[PDB]
Amino acid sequence: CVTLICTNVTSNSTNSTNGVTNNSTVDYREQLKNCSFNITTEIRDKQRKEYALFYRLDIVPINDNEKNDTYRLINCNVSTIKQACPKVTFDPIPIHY
Amino acid sequence: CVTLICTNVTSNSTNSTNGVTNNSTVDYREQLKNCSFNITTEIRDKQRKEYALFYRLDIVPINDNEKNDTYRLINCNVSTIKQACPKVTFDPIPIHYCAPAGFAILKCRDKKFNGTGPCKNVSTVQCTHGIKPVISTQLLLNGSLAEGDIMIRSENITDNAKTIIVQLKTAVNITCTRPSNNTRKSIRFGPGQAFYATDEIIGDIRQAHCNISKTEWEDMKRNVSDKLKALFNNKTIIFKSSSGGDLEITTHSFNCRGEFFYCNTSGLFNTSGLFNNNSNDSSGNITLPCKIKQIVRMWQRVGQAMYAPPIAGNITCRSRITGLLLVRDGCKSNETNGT
Amino acid sequence: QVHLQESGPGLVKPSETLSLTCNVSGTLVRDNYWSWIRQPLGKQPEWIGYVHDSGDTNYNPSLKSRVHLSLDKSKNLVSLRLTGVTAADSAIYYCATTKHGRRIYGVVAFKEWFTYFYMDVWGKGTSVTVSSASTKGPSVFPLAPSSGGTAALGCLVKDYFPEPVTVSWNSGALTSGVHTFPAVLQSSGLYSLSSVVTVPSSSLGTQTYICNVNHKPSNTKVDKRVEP
Amino acid sequence: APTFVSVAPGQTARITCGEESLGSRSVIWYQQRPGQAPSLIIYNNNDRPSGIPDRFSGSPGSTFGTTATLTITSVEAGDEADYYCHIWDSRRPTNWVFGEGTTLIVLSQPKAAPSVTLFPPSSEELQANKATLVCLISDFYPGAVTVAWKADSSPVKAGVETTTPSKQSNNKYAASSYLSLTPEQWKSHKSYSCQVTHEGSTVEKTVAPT
Ligand SMILES: *[C@@H]1O[C@H](CO)[C@@H](O[C@@H]2O[C@H](CO)[C@@H](O[C@@H]3O[C@H](CO[C@H]4O[C@H](CO[C@H]5O[C@H](CO)[C@@H](O)[C@H](O)[C@@H]5O[C@H]5O[C@H](CO)[C@@H](O)[C@H](O)[C@@H]5O)[C@@H](O)[C@H](O[C@H]5O[C@H](CO)[C@@H](O)[C@H](O)[C@@H]5O[C@H]5O[C@H](CO)[C@@H](O)[C@H](O)[C@@H]5O)[C@@H]4O)[C@@H](O)[C@H](O[C@H]4O[C@H](CO)[C@@H](O)[C@H](O)[C@@H]4O[C@H]4O[C@H](CO)[C@@H](O)[C@H](O)[C@@H]4O[C@H]4O[C@H](CO)[C@@H](O)[C@H](O)[C@@H]4O)[C@@H]3O)[C@H](O)[C@H]2NC(C)=O)[C@H](O)[C@H]1NC(C)=O
Ligand SMILES: *[C@@H]1O[C@H](CO)[C@@H](O[C@@H]2O[C@H](CO)[C@@H](O[C@@H]3O[C@H](CO[C@H]4O[C@H](CO[C@H]5O[C@H](CO)[C@@H](O)[C@H](O)[C@@H]5O)[C@@H](O)[C@H](O[C@H]5O[C@H](CO)[C@@H](O)[C@H](O)[C@@H]5O[C@H]5O[C@H](CO)[C@@H](O)[C@H](O)[C@@H]5O)[C@@H]4O)[C@@H](O)[C@H](O[C@H]4O[C@H](CO)[C@@H](O)[C@H](O)[C@@H]4O[C@H]4O[C@H](CO)[C@@H](O)[C@H](O)[C@@H]4O[C@H]4O[C@H](CO)[C@@H](O)[C@H](O)[C@@H]4O)[C@@H]3O)[C@H](O)[C@H]2NC(C)=O)[C@H](O)[C@H]1NC(C)=O
Ligand SMILES: *[C@@H]1O[C@H](CO)[C@@H](O[C@@H]2O[C@H](CO)[C@@H](O[C@@H]3O[C@H](CO[C@H]4O[C@H](CO[C@H]5O[C@H](CO)[C@@H](O)[C@H](O)[C@@H]5O[C@H]5O[C@H](CO)[C@@H](O)[C@H](O)[C@@H]5O)[C@@H](O)[C@H](O[C@H]5O[C@H](CO)[C@@H](O)[C@H](O)[C@@H]5O[C@H]5O[C@H](CO)[C@@H](O)[C@H](O)[C@@H]5O)[C@@H]4O)[C@@H](O)[C@H](O[C@H]4O[C@H](CO)[C@@H](O)[C@H](O)[C@@H]4O[C@H]4O[C@H](CO)[C@@H](O)[C@H](O)[C@@H]4O)[C@@H]3O)[C@H](O)[C@H]2NC(C)=O)[C@H](O)[C@H]1NC(C)=O
Ligand SMILES: *[C@@H]1O[C@H](CO)[C@@H](O[C@@H]2O[C@H](CO)[C@@H](O[C@@H]3O[C@H](CO[C@H]4O[C@H](CO[C@H]5O[C@H](CO)[C@@H](O)[C@H](O)[C@@H]5O[C@H]5O[C@H](CO)[C@@H](O)[C@H](O)[C@@H]5O)[C@@H](O)[C@H](O[C@H]5O[C@H](CO)[C@@H](O)[C@H](O)[C@@H]5O)[C@@H]4O)[C@@H](O)[C@H](O[C@H]4O[C@H](CO)[C@@H](O)[C@H](O)[C@@H]4O[C@H]4O[C@H](CO)[C@@H](O)[C@H](O)[C@@H]4O)[C@@H]3O)[C@H](O)[C@H]2NC(C)=O)[C@H](O)[C@H]1NC(C)=O
Ligand SMILES: *[C@@H]1O[C@H](CO)[C@@H](O[C@@H]2O[C@H](CO)[C@@H](O[C@@H]3O[C@H](CO[C@H]4O[C@H](CO)[C@@H](O)[C@H](O[C@H]5O[C@H](CO)[C@@H](O)[C@H](O)[C@@H]5O[C@H]5O[C@H](CO)[C@@H](O)[C@H](O)[C@@H]5O)[C@@H]4O)[C@@H](O)[C@H](O[C@H]4O[C@H](CO)[C@@H](O)[C@H](O)[C@@H]4O)[C@@H]3O)[C@H](O)[C@H]2NC(C)=O)[C@H](O)[C@H]1NC(C)=O
Ligand SMILES: *[C@@H]1O[C@H](CO)[C@@H](O[C@@H]2O[C@H](CO)[C@@H](O[C@@H]3O[C@H](CO)[C@@H](O)[C@H](O)[C@@H]3O)[C@H](O)[C@H]2NC(C)=O)[C@H](O)[C@H]1NC(C)=O
Ligand SMILES: *[C@@H]1O[C@H](CO)[C@@H](O)[C@H](O)[C@H]1NC(C)=O
Ligand SMILES: *[C@@H]1O[C@H](CO)[C@@H](O)[C@H](O)[C@H]1NC(C)=O
Ligand SMILES: *[C@@H]1O[C@H](CO)[C@@H](O)[C@H](O)[C@H]1NC(C)=O
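Residues numbered from 1 in each chain as written, not as in the entry; some residues may be left out. Chains lettered and ligands numbered in written order. Part of a larger assembly, values for the part shown. Heavy atoms only, no water.

Peer 1: I would appreciate a short explanation of the pairing of strand 3 (residues 28–31) of chain D in the present structure.
Peer 2: Each regular strand displays side chains that alternate between the two surfaces of the sheet. Residue and element names in this part refer to chain D. By the alternation rule, side chains of strand 3 split into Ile 28 and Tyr 30 and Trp 29 and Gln 31, which are all buried. In this sheet, strand 7 (residues 85–86) lies alongside strand 3 in antiparallel orientation, the contact comprising two bridges. Following the sheet pairing, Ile 28 is matched in strand 7 by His 86. One ladder, built from three bridges, connects strand 3 with strand 4 (residues 39–42); its direction is antiparallel. Across the sheet, residue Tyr 30 finds its bridge partner in strand 4, namely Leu 40. (Buried < 20%, exposed > 50% of the residue type's maximum accessible area, 1.4 Å probe, protein only. Helix = DSSP H or I, 4+ residues; strand = E, 2+ residues; numbered from the N terminus. Pairing = 2+ DSSP bridges.)

Pasting the structure below:
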């Protein structure tokens, strides 16, 4: 739950007719981002810059003036968040009541 | 638990005689502050400046050189602190203590019971009748009155180190209140974690207080006195305030609608033992100055410190005084006619 | 019919203490709380301070240092003294019986109340000017009414300082038609005013149509007869 | 600051003073007229002294975050005045000056033409080789009137110290203009004239040396 400076990942070759128009917008397009951030290292007093790829849905823009392309995870807004342990599995097993 | 730059809230028109003196100081004056602070926003990397109104009791000065008027909450000094959930309520509900099967509770039905020894009139029950868990000091509130007449009980009265527990026969209404229309504000610090703070004082700066009937209090003071005088060899008994301790002990403590009170019981114990009545004059209410505090730790060490979120708008609750907790000063004195 | 009025100098120069007096009647001076109020030109009234016997007094913080109020018993009148005056202090002053009270909103025991002050009867008003320029005796002249049968006559007051100049007409017997116009400022550094009276053509007399002019600051009493 | 409100004769006017209340206040209202000192109208928000009618209503001290509104029902002509008020609040230190008063007016004057009066230099003043004309104009509404002298059709450039209008007892206003000359200027020109202009409507009077 810190600042994220995100950017889309790779360029494309979208062209063809028509041309006179400029900006497009579509709600149905699954797309990733390339978010960057500083996180604490082994010691509280220091921290380092990491990058991760986040689904646009999972992030939300924040209006900062000191920087551009700034986002945050949707939850820092509302609730705490934990990561599913690697060992555990949510495989639907038949259970008998 | 960060730095607070606090300032008193509104100016006043205090004047008149005399004038030559300069600085005044009084321990009994319930007053709020206007504390300011920086707290973290939704993201760890940023934070914002908020202001809240805190009871002077709940804050404590810290000597910083880089700034002035600096305070901190009393607990950052000692223990962690949580805020009472909005949904939950510490309303004293009558709960019944019940024994397991094969066990049974026995209820003494003697109307003039002493606490110890035989009971001529007993009855078995599986469950205790409704008992409200009231937490108060000096005065026992909302309890059970004595059937026969007012009662004094102690493991041994002679051992001055053991509390006298008085049980009234007829209850004495006490109506306490925080009269100011305090607006409250929610202050969020992420993810959605938020704490309610008092925002503003709509209207006059009013002071918290309690009310007992002077005629109706002085009466039980007498009635209790008469029962006490019977136990200590017809010695004329006299009452006075607490000799020391934590505020909660040297005051009458309780909560109305959730806010925790600390009312000065000095007035209740001046004495006024000789009854003349003064042509039924000089007898209306007897008002006690009350102090109010939010960060609060009961049971001393066991349990954490609690922050009581403010109830918006003025509040007032009426309890019935059903008993008292007293303690005798004991040393050698004038044998005749001392007391 | 309890009434009162004040008496001042009219003009004071800077770095001088302005003394004033509010002569009273109708009731006693002990039996009242007393105030002082000043109101400049086209501005709101400023409360100066208030006073009572038995050593009680309170001033406006703006001039709590400069003002020194007083009180005479036998004479039945009040006093004032304002040191180090400037053009800021120049305003028309007043004095009034300050009727007080108490506003209670909570527990009296805890001093949850405040005391307030109103003033039910006012004086006339002493005009006080503060300038380093000297006084001036108003030059007075007659205005010829000659060209229904009606023709107004009057008196012209000019070259004086400071304002105001009081003006009556023949022992103040006639009041009708008396339009005493407000004075005019001149780059001369002085003022001028003109009082006029409307009178029918049928008025030979011989009536002594005199204007009773008075300019106290210069200590001058001029009297002029109006003729065709 | 804004201090005006227009109300027809017979309707009700509500005038406001001071900042919004914090605590219980004891608002005192005064009324001043030209010349006269300010007079008391209401004390303790809605209590009034001897001589003031019931039409004069006032905001209760009981309200918070509220401006003090003096309400005068069925507005009378002779009630057009300055209303400086004095607020006593529980939560603010004692105020030592009064508040800004919403000046009161009425729609229908109905109308009023000026009383133009023009006088020549007195025989006495001319002996001190000095001269001053006097254009006494008054009883007009609204209190605004342009003034223009003429030497002989030819406009007069300088020597015309005039006044801005001033309120009287009657709601009408009064002003005055003074043209200063010298005998040889005065007696040279055949005539002199004062032209008062009121609501795009010029009136003038004329005077001349013998
Ligand atoms: C001893 O004893 C005594 C006796 O017993 C005691 O006293 C007591 O106490 C109690 C407790 O405290 C109390 O009660 C309480 O009360 C209160 C008040 O009441 C009233 O009111 C209501 C309403 O409310 C509202 O209002 C108010 C004022 O008035 C305020 O203050 C509040 O706050 C609210 O507010 C709201 O609204 C507003 C608008 O107006 C807004 O602004 C805001 O914002 C909000 O929204 C009402 O309802 C009521 O009514 C009642 O009464 C009447 C008469 O009088 C009636 O007619 C009615 O009907 C009713 O009644 C019923 O019931 C009864 C019984 O009771 C019966 O009898 C009848 O018949 C009927 O049926 C009044 O008027 C109130 O408020 C409260 O409530 C609460 O609480 C409870 C518990 O307690 C619960 O249940 C509920 O639900 C609620 O809850 C809440 O709160 C809590 C705390 O407080 C919490 O916990 C929860 O969760 C919730 O919370 C929420 O909310 C809050 C607010 O409220 C917040 O803060 C949070 O955050 C969340 O959000 C109660 O009821 C009583 O009164 C008393 N009494 C006397 C006599 O005083 C004492 O205490 C003792 N002592 C010792 C020491 O112990
Ligand atoms: C715990 O125990 C403690 C201690 O026991 C207790 O503390 C007490 O709390 C109460 C309440 O919080 C508190 O009461 C306050 O008292 C104020 C002062 O009242 C006294 O003075 C007045 C004035 O009388 C003077 O002038 C008279 C005429 O010359 C003269 O004869 C007098 O001698 C005196 O010099 C007086 O009227 C009062 O007496 C009345 O009340 C008695 C109560 O028993 C009653 O027996 C009397 O007979 C008498 O009744 C008449 O008057 C009332 C009004 O007071 C009328 O309603 C009746 O019809 C009778 O005619 C007292 O001697 C009081 O003014 C406070 O209330 C005002 O202030 C608040 C705060 O702003 C307002 O919200 C109120 O609305 C009210 O405001 C009105 O008045 C002010 C002017 O004062 C105006 O500016 C307001 O706008 C409003 O009036 C105008 O507006 C309304 C519309 O809004 C309009 O309709 C009106 O027409 C008017 O134009 C307040 O009540 C007390 O001080 C305090 N301490 C003590 C020791 O008691 C706690 O409460 C207890 N705890 C709990 C939880 O209960
Ligand atoms: C020591 O400390 C002690 C504690 O610390 C102090 O104790 C205090 O003492 C005070 C008196 O000394 C006590 O004050 C008493 O309060 C009651 C309150 O009743 C009112 O509220 C009811 C509910 O609240 C509504 O009203 C409030 C206020 O307006 C609003 O804020 C609420 O929002 C709510 O609003 C509703 O109602 C209004 C209309 O009122 C609507 O517009 C809204 O839309 C809402 O619907 C309410 O139920 C009452 O309504 C009844 O009365 C109205 C007139 O007031 C009437 O118009 C209504 O129709 C209604 O009457 C009908 O309904 C009732 C229902 O029960 C029927 O019984 C009734 O017959 C009708 O059918 C009311 O609005 C107040 O009534 C008391 O007034 C009595 O006492 C005073 C004392 O001075 C007398 O002077 C009065 O005359 C009056 O006497 C009544 O009774 C007589 C018979 O005995 C009768 O003959 C009279 O004609 C009269 O009716 C008190 O003022 C205070 O409660 C108490 N506090 C505590 C905690 O104990 C102690 O003072 C202190 N002492 C010292 C010395 O220091
Ligand atoms: C702390 O502070 C508290 C707050 O101030 C304070 O609480 C209050 O205490 C008082 C007690 O002092 C409470 O009780 C009041 O008592 C009055 C007197 O009661 C007498 O009358 C009773 C009923 O009599 C019926 O039968 C008679 C037989 O002839 C008739 O003549 C009567 O007319 C009446 O008629 C019946 O039948 C009618 C048939 O047609 C029917 O309509 C009618 O409704 C009724 O049913 C008697 O029972 C009683 O006597 C009993 O006790 C004695 C011994 O003590 C025995 O010898 C008797 O045999 C009997 O057992 C009394 O003689 C009441 O007048 C008063 O009336 C209120 O309640 C009635 C309903 O009972 C309502 O109709 C009425 O409007 C009154 O208002 C109530 O309702 C409103 C609206 O809901 C409410 O706002 C208001 O608060 C009140 O509740 C009332 O009962 C009082 O209720 C307490 N108030 C509160 C808020 O708690 C407390 O005492 C303080 N304590 C201390 C220690 O300081
Ligand atoms: C501190 O301690 C003091 C005392 O040390 C306390 O003060 C006392 O408190 C009591 C409380 O009850 C007060 O009692 C009141 O008594 C009056 C008088 O009663 C007469 O009138 C009623 C009618 O109104 C009659 O019915 C009575 O007749 C009988 O029954 C009543 C029932 O109450 C009983 O009190 C009488 O004693 C009497 O019983 C005796 O006589 C009959 C024969 O007539 C006989 O058969 C019986 O066996 C007895 O011998 C009597 O004529 C009473 O009115 C009061 O209220 C009662 O009536 C009302 C209705 O009117 C009811 O609503 C109420 O519930 C009661 O039933 C009281 O009972 C006593 O006066 C008081 N004394 C003083 C000096 O204060 C203080 O209270 C204590 N203070 C504190 C803070 O604790
Ligand atoms: C929590 O904070 C409080 C206040 O900062 C600490 O207790 C306070 O300690 C001071 C002394 O540092 C006490 O003041 C005076 O101490 C001298 C002893 O030199 C004593 O003689 C005086 O009579 C006076 O008490 C002060 O009373 C005391 N309490 C308060 C409420 O201020 C406390 O140490 C902190 N908690 C911990 C665990 O350290
Ligand atoms: C970069 O790509 C992401 C993909 O979802 C998109 O949301 C974002 O708007 C793009 N950047 C700009 C500037 O449009
Ligand atoms: C400001 O008011 C608070 C109210 O409790 C008080 O504690 C504090 O000392 C006051 N400030 C100063 C400088 O005294
Ligand atoms: C007792 O204290 C109360 C405080 O409210 C006071 O009103 C009363 O006069 C006191 N009585 C005596 C005898 O000290």
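This is not the end of the story, as more comes after the structure.
Peer 1: I keep staring at the packing of aromatic side chains and nothing clicks. Help me out?
Peer 2: Two measures describe an aromatic ring pair: the distance that separates the ring centres and the angle between the ring planes. Scanning all chains against the criterion turns up 20 aromatic pairs over all chains. Here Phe254(B) and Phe261(B) contribute two aromatic rings whose centre-to-centre distance is 5.2 Å and whose plane-to-plane angle is 15°, an arrangement assigned as stacked. No difference in accessibility class separates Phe254(B) from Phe261(B), as the two residues are buried. With centroids separated by 6.0 Å and ring planes inclined at 25°, the aromatic side chains of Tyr50(C) and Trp96(D) adopt a geometry described as stacked. Here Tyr50(C) is found in strand 5 (residues 46–52), whereas its partner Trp96(D) is found in the loop between strand 7 and strand 8 (103–106) on a different chain. Of the two residues examined, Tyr50(C) and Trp96(D), each falls in the buried class. Taken together, the ring pairs connect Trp47(C), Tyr50(C), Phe117(C), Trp88(D) and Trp96(D) into an aromatic cluster. In this structure, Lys185(B) is placed above the aromatic ring of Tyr51(B), and the distance from its NZ or CZ to the ring centre is 3.9 Å. (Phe/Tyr/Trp six-rings, centres within 6.5 Å; stacked < 30°, edge-to-face > 60°. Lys NZ or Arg CZ within 6 Å of the ring centre and 35° of its normal.)

Peer 1: Teacher, can you tell me more about the interface of chain C and chain B here?
Peer 2: The parts lose accessible area when they come together, and the size of an interface is often stated as this lost area. Counting from both sides, the interface comprises seven residues of chain C and, opposite them, nine residues of chain B. It is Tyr105(C), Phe110(C) and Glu112(C) in chain C that bury the most area against chain B; as a group they hold 74% of the surface buried on that side. For the pair chain C and chain B, the number of links is one salt bridge. Between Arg206(B) and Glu112(C) there is a salt bridge, with its nearest N and O atoms 3.3 Å apart. Summed over the shared surface of chain C and chain B, the result is two residue pairs in polar contact. Among the residues making up the side of chain C that touches chain B, the classes are represented as four nonpolar, two polar and one charged. (Contact = heavy atoms within 4.5 Å. Buried area = accessible area lost by both parts, 1.4 Å probe. Salt bridge = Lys/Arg side-chain N within 4 Å of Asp/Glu carboxyl O. Polar contact = N/O pair within 3.5 Å; in protein donor to acceptor, adjacent residues only side chain to side chain. Nonpolar A, V, L, I, M, F, W, Y, C, P; charged D, E, K, R; others polar.)

Peer 1: How should I be thinking about the arrangement of the chains in this particular structure?
Peer 2: Taken together, the four pairs of chains in contact show their highest number of contacts between chains C and D. At no point do chain A and chain C touch; the closest pair of C-alpha atoms across them sits 43 Å apart. A gap remains between chain A and chain D, with no contact made and the closest C-alpha atoms lying 34 Å from each other.

Peer 1: Sorry if this is basic, but what is going on with the site of ligand 6 here?
Peer 2: Residues and elements named next belong to chain B. Every residue near ligand 6 is listed here: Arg 72, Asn 77 and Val 78. At a separation of 3.2 Å, an oxygen atom of ligand 6 approaches a polar side-chain atom of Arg 72. Coverage of ligand 6 by the protein amounts to 15% of the 740 Å² it exposes when considered alone. (Near = heavy atom within 4 Å. Areas by Shrake-Rupley, 256 points an atom, 1.4 Å probe, with all protein chains shown as cover.)

Peer 1: In this structure, what is going on with the pattern of salt bridges? I would like to understand it.
Peer 2: If charged atoms from side chains of opposite charge come close, those side chains can pair. All names here are of chain C. Counted according to the given criterion, the structure contains 15 salt bridges over all chains. Between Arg 38 and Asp 89 there is a salt bridge, and its shortest N-O distance comes to 3.7 Å. Within this pair, whereas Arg 38 is found in strand 4 (residues 34–39), its partner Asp 89 is found in the loop between strand 8 (77–82) and strand 9 (91–104), the two being separated by 51 residues in sequence. Overall, the relative accessible area of 9% leaves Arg 38 in the buried class. One salt bridge in this structure joins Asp 53 and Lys 73, with 3.5 Å as the shortest N-O distance. With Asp 53 in the loop between strand 5 and strand 6 (56–59) and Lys 73 in the loop between strand 7 (70–72) and strand 8, this pair connects stretches of sequence that are 20 residues apart. Accessibility expressed as a relative area gives 59% for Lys 73, which makes it exposed. Because the salt bridges share partners, they merge into one network encompassing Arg 38, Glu 46 and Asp 89.

Peer 1: Would you take a moment to explain the sheet that holds strand 2 (residues 13–17) of chain D for this structure?
Peer 2: Residues and elements named next belong to chain D. In space, the three strands of this open sheet follow the order 2-6-5, with antiparallel pairing throughout. On the outer flanks of this sheet lie strand 2 and strand 5 (56–58), each paired with one strand and no other. Each adjacent strand pair in this sheet contributes to an overall mean axis angle of 25°, direction not counted. Pairing analysis gives five bridges linking strand 2 to strand 6 (residues 68–72), with the strands arranged antiparallel. Bridge pairing in strand 6 links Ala 13 to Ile 72. (Axes fitted to C-alpha atoms, helices over the stretch in contact; angles between N-to-C directions.)

Peer 1: It is not clear to me how the domain arrangement of chain B should be interpreted in this structure. Could you clarify?
Peer 2: All names here are of chain B. Taken as a whole, chain B is organised into domain 1 (1–77 + 180–206) and domain 2 (135–179 + 207–339). If you average the C-alpha positions of domain 1 and of domain 2, the two centres end up 31 Å apart. Contact with domain 1, which involves 19 residues of that partner, is made by 20 residues of domain 2. Interface area, domain 1 with domain 2, both sides summed: about 1,700 Å², of which 58% is carbon and sulfur. Of all residues in domain 1, the largest losses of buried area upon contact with domain 2 belong to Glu 30, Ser 180 and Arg 206, amounting jointly to 32% of the total for that side. Joining domain 1 to domain 2, the criterion identifies zero salt bridges. Between domain 1 and domain 2 we count six residue pairs in polar contact in total. Here the side of domain 1 that touches domain 2 takes four residues from strand 13 (residues 194–202), the largest share from any one element. The residue makeup of the side of domain 1 that touches domain 2, split by class, is ten nonpolar, five polar and four charged. (Domains from an automatic or database assignment.)

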